[PDB]
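Worksheet: the structure to be examined is printed underneath.
Number of protein chains: 6
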Amino acid sequence: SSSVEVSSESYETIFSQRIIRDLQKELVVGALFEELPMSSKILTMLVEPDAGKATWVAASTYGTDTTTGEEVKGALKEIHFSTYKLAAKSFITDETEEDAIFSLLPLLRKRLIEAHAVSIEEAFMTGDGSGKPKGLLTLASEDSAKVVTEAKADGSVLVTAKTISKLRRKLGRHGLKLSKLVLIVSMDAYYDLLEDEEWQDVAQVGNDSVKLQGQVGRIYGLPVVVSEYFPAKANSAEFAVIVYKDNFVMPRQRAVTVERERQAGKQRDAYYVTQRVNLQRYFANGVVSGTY
Amino acid sequence: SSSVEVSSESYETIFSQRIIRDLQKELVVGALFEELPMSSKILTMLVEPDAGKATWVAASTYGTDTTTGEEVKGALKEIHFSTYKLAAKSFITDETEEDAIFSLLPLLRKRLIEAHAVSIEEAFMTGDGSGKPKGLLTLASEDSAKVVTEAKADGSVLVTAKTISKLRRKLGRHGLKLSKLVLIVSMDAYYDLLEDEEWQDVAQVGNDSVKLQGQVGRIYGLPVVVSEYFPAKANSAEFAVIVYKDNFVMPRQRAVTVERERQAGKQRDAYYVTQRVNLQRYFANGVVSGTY
Amino acid sequence: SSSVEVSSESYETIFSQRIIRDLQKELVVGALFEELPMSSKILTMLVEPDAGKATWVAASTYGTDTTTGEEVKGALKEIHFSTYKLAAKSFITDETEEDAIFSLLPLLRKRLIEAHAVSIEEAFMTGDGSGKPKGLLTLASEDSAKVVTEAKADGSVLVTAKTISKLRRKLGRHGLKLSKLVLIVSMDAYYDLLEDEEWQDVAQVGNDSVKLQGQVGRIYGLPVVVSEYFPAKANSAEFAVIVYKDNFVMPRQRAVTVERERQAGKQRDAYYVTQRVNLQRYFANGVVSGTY
Amino acid sequence: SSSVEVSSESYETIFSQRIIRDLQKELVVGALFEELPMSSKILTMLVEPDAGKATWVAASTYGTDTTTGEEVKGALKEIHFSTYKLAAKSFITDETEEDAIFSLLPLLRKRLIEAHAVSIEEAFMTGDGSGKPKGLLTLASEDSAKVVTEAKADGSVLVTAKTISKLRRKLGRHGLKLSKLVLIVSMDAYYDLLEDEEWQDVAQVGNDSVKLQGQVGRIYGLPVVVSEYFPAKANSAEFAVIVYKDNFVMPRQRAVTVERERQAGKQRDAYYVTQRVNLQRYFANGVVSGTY
Amino acid sequence: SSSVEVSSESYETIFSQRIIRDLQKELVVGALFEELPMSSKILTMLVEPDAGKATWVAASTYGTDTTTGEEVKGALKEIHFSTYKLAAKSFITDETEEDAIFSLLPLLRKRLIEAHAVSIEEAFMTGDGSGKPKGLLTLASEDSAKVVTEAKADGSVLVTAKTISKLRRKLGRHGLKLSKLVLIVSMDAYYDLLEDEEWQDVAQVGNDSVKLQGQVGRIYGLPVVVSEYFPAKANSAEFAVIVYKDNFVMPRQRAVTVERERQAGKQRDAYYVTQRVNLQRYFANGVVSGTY
Amino acid sequence: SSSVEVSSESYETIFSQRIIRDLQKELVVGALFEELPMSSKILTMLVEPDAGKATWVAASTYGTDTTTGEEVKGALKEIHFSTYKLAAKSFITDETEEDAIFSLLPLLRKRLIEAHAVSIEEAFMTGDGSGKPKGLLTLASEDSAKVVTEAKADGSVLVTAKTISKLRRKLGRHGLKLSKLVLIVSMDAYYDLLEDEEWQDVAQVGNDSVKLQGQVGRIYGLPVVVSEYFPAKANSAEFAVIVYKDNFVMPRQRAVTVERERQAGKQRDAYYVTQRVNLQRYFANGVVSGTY
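Chains as they are written, first to last, in PDB author numbering: chain E, 164 to 455; chain D, 164 to 455; chain C, 164 to 455; chain B, 164 to 455; chain A, 164 to 455; chain F, 164 to 455.
What follows is the structure, given as structure tokens:
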């Protein structure tokens, strides 16, 4: 009846009262370590490691230098945990905040913190270490630690299940355990439709329940971390396996705090979120990936 | 003997009493949602889910002027919920009813309703949205979502079970689950008997029981909703896979009511049966279809 | 020494006493439904299942005249179940019975009833249905219903077991159930020795018994009704699979009776045997056979 | 020194105290039926099982002339079961008995009876039926039954278990059972270690014991009567599978008796053992054998 | 520096002490039977099995002259068991015993007895039957009894498990059981590694226990008696399988006694170790070996 | 702004700190026997195992003179248990020690003893035994005993699992058992995925635990002493399997001790570690390795 430019504009318009989030993916992997508070400029350590060496000496007296005899070493290595600053800044103007909707500022604050955390997780996963923490698929990669798939447990010809097993027993050479798997979402999809020598398929069987879905999706009974924080290289899959109780800790030189001023050349409200963070490192075989 | 046009018409004949219904098929799929009453003629549901986010900042001073900018945000996105009208009339006259049958109308009101129910399902199940409730295949198919089978879960070649698993995983990256499957009766026939890995049939073993068939007809323990409200593309399949308790609601802006009049030019009996409906939508990857 | 033409005929020979039947099997399959007595020359009855229908109408008015709404019809259809006559007749002479024996007749009456009973089953199983009851391999097949195997649930390669399952599914599409299965004795002896991937055979486990044999030979746990009244073709196997207690009734307008006269020009005994029976039909998927 | 014809004959010489018998197999097959006591020369039985069947009549009339009228029959067939003579005799003289052992005669009398018994079994197992009982195999094989393996359940290729099955389902179709099986030792000695699809053998499983053996040495749980009294052929193996409690009876006009006379020239001693026996023949297909 | 002829010889140096006996293996295989004491140089006995027979007689008289006269016979046959001699000696001297080890004789006497016991086992395992017992493989192989595996239970292509399987059948044809099997060390190692249709070896599974090693090394749940006293034929392998509790007794006309003399015209110490043994032979199908 | 060579090295530095050992493995394979302390220069002792054996005697008198003479012996043969010397010294001075760390000697001394323990285990594992003790592998392989696989109880074909079983039997044909297996890590990776009849592997199953891993890595349920002190021969594996408590003893004529002097021309800190050891041998078949 009424058209626009009659009286259409005078009727009820509902707005989204209660909204959903931007970003609904959990933040783990980058923080999946002991989170240790720190305040120091640097932290420096040393290890024993050893002395002497000893051999086989024919004896028959007390004190013998007749044959073989004195043997010593001292050794090394000092190591320094090098700390980084990671931080963010954001604007809002009174100009934007004042219309008739003043509910924006409360909402905004809880996006900022959530957003600083995202950038940390991505920085820990992929990051070169300049201006950012020590990577996880940089220190376990082919790029700067030279770790690919295990070829000391490959005769010729591999398969996708096999690769996980092969990397797992590379960790037990390094003497450590496995306690979580971090896998690409595609990989886990493939392993959900598991191929087994049970021949029932533990994604389903005949009688299906939450027990089965939650068993197939765990490999070796362990939390698979489904994550999307991986480049796709080619048809290759990247994996990160290591222990997560005997591995690395996140020393945080400043725990996340939100800092705030009004000043940016007028007033205006300016927001600072600031953390300072790193990864520990002791070994380059101390975390293991492999390229399919 | 007794021949017709002689004396055959003065003896016995039987007539029916009680009568089979038209369509003994259960109406579901289009009525497989929660039914929410609405009194509001439009809903303008502005979503509101975020303010600020994060940044990477060096900090260590009260006011920092050297690092990155700050962030301040509004929020988005208004959603207009628009209802449509579905309804029909039936014109009848006493003049046709006049013979010796007068029990026609007590069945007929409930034939018209049952029939009006069919078209409600067909429109709910498949539909553009223009003058009809939002369509279920359509909203989740290539037509207006570009949602087909997940190509990031397949190398090439997809067997019938294997498809379902690609769609199952697609669902959980959304944040939603699966609790029933809607399949075509001809597709449903290769799941009624399926050739399976236990190598005995888990439809029937050697010693069929209603239990084994009731387990197999639940793909993943989840009921398959056998329906015949599906287009036919080719030897390609169609699926409707979603959760049916967390997805979309069916909002009914006028529930079905029967108005009755007797005015059409004389008397005459006039019936008007009228409803108003739509379906909710937030996302169109919140529902899943796919292409075999 | 003693031989024919001495005195051998005057001495000892022990001549016949007692007889064993003709056919030491049960007569099955025609009689496998309810058998209801009637007294009504024709069961004319009208079956009316639907009235109304309704549609989607956009309204915004009480009396909605703006678009058509009006939906109403009567329905159809009338059917007539017409009884047929089956009969058997015999005329003998006193001369044939007599030589010193006159006990033939009380036994003659049984054989007549029994042989009649056989024809009835012949007529129910295969029969054009005009003057006699309609078939069950002549009704239910390609001959007069277009009902064979279900090709739309085949993959490719029909094998015998597969054929029964596809056919089973063809029944549940129709809405009717299965409660007995009717099969060919030649096929039966190979449902008795069914292949199963249980892999020890459940008809000779290695802890062998009559139980396993009486299980395997009951396809789906429902009794196999061994029957052999089937036509020939090549080596196609036909089956009769239907619900046998929620379908057709056999209606009896005349119960078995023997009407006995002597007078036939001479005496003579004249024996007339009469029954009036039919088969019902409701739909052209009301019963299912399939061709292999 | 010491040689024969010195002092070696008065030295100890040990002679046999006890002996084995020639034959240590239990008799079986031909004394495995009912042993019916009898005293008549012949049993002449006439079986009369069926009289009357009538016809399906066309009705509204009693003493039909629109079809063939009222049927009645008498019946056939007289059959005569005639005993045959089995007699065996032996004779000794006082010259035969005397050596230095007088104690042979109670043993000889046992031996003759046993020896005669073998001849009864030999004839009952295979026998023309002319001055001996009819042979069980001589009426079950190709010899005059003309009953071999059913073509009607071979797609091509027969194996030993299938041949037994083929033979078994002939039985259930002549109205009889299987209650024992008679087989050939060489074939029985292949179910000693029985190949099967467990592949771990269901003859011995994992932990061989006597129980498993005496159960697997049966086919259908029913005792395999391990014998070697069948004739040689080639690589063909004939069996007998029939009921052994609803089958052919032995009518014994004389139960086995021991007769002793002395007289025949001088005295001297004579041992005669005589029985008069036959095997029934109710049907020529009332026993089933077959050619492998 | 110091060596023989300087000062090396004056330091304590450790010379021999503490003995170990010749052969660390149990004397069995010829000693597996009952050792029955006897005192009779030769044992002469008949074994009586049966006397007369009694052939079928037609009868209907009390002296049957119409048939062949009575059967009768004595009993055969006479058997001689002849003892053989086995002994060993040592002639040592007073000069030998004098001049290093005077405690040699208490050990030397034990070795003479023990060494004789092995030589006895050599005579029982394979024996000429001339001056020494009758052999054990000798009476059971082709050497003097023409017993190889039964070619009339061959299904073509004899394999290891099967040879035993045929051999067991040959046993039941004698009517004697199988209770242990005596094999060659090298075969026994392959039989320990039995491959069965579990396809995993029941030798050690994957879940080993002493029971499974103690189970594999039993064939048919009967223990194998592992031995080395066998000849190596060719590529053919000797097996010896019989009952070992209802077969051959070893009759001993003298038990092992140690006899001691000193004279030979001088003294000198003379040690004589003596036994007298024979081995029963009833049949040559009373012990069964074979050729591979 | 700041850089090194400005003030940075003096600004608040975390110097090196703490420690972790080298040889992050337990000493195995050398320590795997009874360790007997000894205090004797040599033990020179006679193997004592037989004294006479005699032979058979036909008798006929208390003595004989007809047959062979008598046996009686002392005993053969002397063996000498000889020690070797293993040892080394190490040189350090006060000049080296004076920097700013004086916790070096308390660590250097532990390392030295540990470093000596390694050169002992090395020599114990492989060695010529000439001035060191015997090589465990060397004596056992084909280098010095001519012992490879048991290829007189092997027919055709082998796998890794088989090669162990060939060795396993080879021990017991000297009466010896098994109580450990020694294996190369490269092989150990291949026993991780043990191929078995339960056909899921007992290393994962579907559900893993430390227990399954501890069953599959113990071949026969007995500890595999996993070690990496093995020579890498080629694509061949060596193994060492013998009994390790019913065989060889390791006799130690001097236990490990540390002697220390400070004088040799200057002072100077001098350490001497010295020990004396041998490994016994008794036969060349009393320790077994194998070439895969």
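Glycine included, C-beta positions come from ideal geometry on N, C-alpha and C.
Rounding to the nearest angstrom, what Cα-Cα distance links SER170 of chain B and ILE205 of chain A in this structure? 14 angstroms
Tell me the rounded alpha-carbon separation between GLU234 of chain C and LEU275 of chain D. 6 angstroms
Continuous beta strand (DSSP E) assignments of at least 3 residues falling wholly in the stretch 304 to 373 of chain E: 343 to 347
Chain B within 8 angstroms of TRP362 of chain C, Cβ atoms only: yes
How long is the line joining the alpha carbons of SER372 of chain A and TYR383 of chain F, rounded to whole angstroms? 8 angstroms
How should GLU241 of chain C be labelled, buried or exposed, when 16 other C-beta atoms within 10 angstroms of its C-beta is the threshold for buried? exposed
Supposed close pair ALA286 of chain C, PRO296 of chain C - CB separation, criterion 8 angstroms: 5 angstroms
Is the CB of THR437 of chain A under 8 angstroms away from at least one CB in chain F? yes
So what's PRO269 of chain E in DSSP terms, helix, strand or just coil? helix
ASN398 of chain B to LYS333 of chain A span [Cα, whole Å]: 19 angstroms
What does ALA400 of chain A touch in chain F if you count any residue whose Cβ is under 9 angstroms from its own? Those do not exist, as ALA400 of chain A stays about 11 angstroms from chain F at its closest Cβ, beyond 9 angstroms.
Please give the ranges of any beta strand (DSSP E) in the stretch 185 to 258 of chain F, keeping only runs that are unbroken, at least 3 residues long and fully inside the region. 197 to 200, 206 to 209, 241 to 244 and 247 to 255
Give the residues of chain D in contact with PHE178 of chain E, contact being defined as C-beta atoms less than 8 angstroms apart. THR207, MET208, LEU209 and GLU241
Determine the closest residue to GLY453 of chain D out of D:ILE405, D:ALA194, D:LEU442 and D:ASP257, with distance taken between C-alpha atoms. D:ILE405
Exposed or buried, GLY298 of chain F, counting other C-beta atoms within 10 Å across all chains shown (16 or more means buried)? buried
Going by other Cβ atoms of all chains shown within 10 Å of its Cβ, with 16 needed for buried, is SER390 of chain B buried or exposed? buried
Distance CB(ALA303 of chain F)-CB(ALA194 of chain F) smaller than 8 angstroms: no
So, at 6 angstroms on beta carbons, what are the nonlocal neighbours of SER253 of chain B in its own chain, with the 5 sequence-adjacent residues on each side left out? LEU275 and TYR434
Local conformation of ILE177 of chain A per DSSP, three classes: coil
Hey, does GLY369 of chain A have any beta-carbon neighbour from chain F nearer than 8 angstroms? yes
With 8 angstroms set as the bound, which would you pick, yes or no: does the beta-carbon of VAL365 of chain F sit closer than that to a beta-carbon of chain A? yes
May I ask you to report which of helix, strand or coil DSSP gives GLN416 of chain E? strand
Given that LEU271 of chain C touches chain B, what residues does it touch there, using C-beta distances under 7 angstroms? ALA214, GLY215, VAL235 and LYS236
Along chain F, in chain order, which residues have C-beta atoms closer than 7 angstroms to that of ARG332 of chain E? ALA352 and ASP355
I'd like to know whether the C-beta of residue 460 of chain C is nearer than 8 angstroms to at least one C-beta of chain B. This structure cannot speak to residue 460 of chain C, because chain C is shown only from 164 to 455.
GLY453 of chain F bridges to which residues according to DSSP? F:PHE402
Under the three-state reduction of DSSP, which class applies to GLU422 of chain F: helix, strand or coil? strand
Are any of the Cβ atoms in chain A nearer than 8 angstroms to that of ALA433 of chain B? yes
Cut-off 7 angstroms between Cβ atoms - residues of its own chain near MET288 of chain F, not counting five sequence neighbours on either side: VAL192, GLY193, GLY298, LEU299, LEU300 and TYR392
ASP364 of chain C versus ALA447 of chain C: straight-line alpha-carbon distance, rounded: 39 angstroms
Within 10 angstroms of its Cβ, does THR176 of chain F collect 16 or more other Cβ (buried), or is it exposed? exposed
Cutting at 7 angstroms between CB atoms, please list the residues of its own chain near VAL220 of chain A, excluding the five before and the five after it. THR227 and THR230
Could you tell me whether any Cβ in chain F is nearer than 8 angstroms to the Cβ of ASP317 of chain E? no
Same chain only: Cβ atoms within 8 angstroms of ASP317 of chain C, ignoring 5 sequence neighbours per side: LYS325 and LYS329
For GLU284 of chain D, which of D:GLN430, D:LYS188, D:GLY215 and D:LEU199 has the nearest alpha-carbon? D:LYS188
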